[PDB]
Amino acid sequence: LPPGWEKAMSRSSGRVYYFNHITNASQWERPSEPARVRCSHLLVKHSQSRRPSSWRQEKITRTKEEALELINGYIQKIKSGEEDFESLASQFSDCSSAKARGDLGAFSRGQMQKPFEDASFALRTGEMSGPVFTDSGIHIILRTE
């Protein structure tokens, strides 16, 4: 399988699924390096973030566990089609890039924080990560180019 992917078994159904230990994506379907990639993201900050402040909230006080629960619920709405990634990022990302529907532009290895860089370069064009942890908080990442 492509870099990072492995097999596992569902606890509740008994059916095989696929999981990526670099991007934290998981799916039923069997999964299908460049100098630069282009990505968007949605950030949820918490009280242990490097800078616990954002354009949404002068003082960010939620716990790391509470932030992960918010990220999990946004992923559910994106996967069911109830909401679009771009819409949720504009309304709820704790990054100034919410301004641009989460778009960060193109970048190379050596510029972003290392777990974000590794996840971005393990995604295929069109693919979305699961929760990704950095010193800034917890992210959902979409590779666009």
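Don't overthink the numbering: it's just position in the shown sequence, from 1.
- Unmodelled deposited residues between residue 32 and residue 33: 10 or more, per the record.
- Per the PDB record, of the two stretches 36-44 and 109-117, 109-117 carries the greater mean B-factor over its C-alpha atoms.
- Taking the mean C-alpha B-factor of each stretch as recorded, 75-83 and 91-99 are not equal, and the higher mean is that of 91-99.
- Per the deposited record, the Cα B-factor of residue 60 falls in the highest third when ranked against the other modelled residues of its chain.
- Looking at the C-alpha B-factors along this chain, the one for residue 130 belongs to the lowest third.
- In this PDB entry, residue 9 carries a Cα temperature factor that places it within the highest third of its chain's modelled residues.
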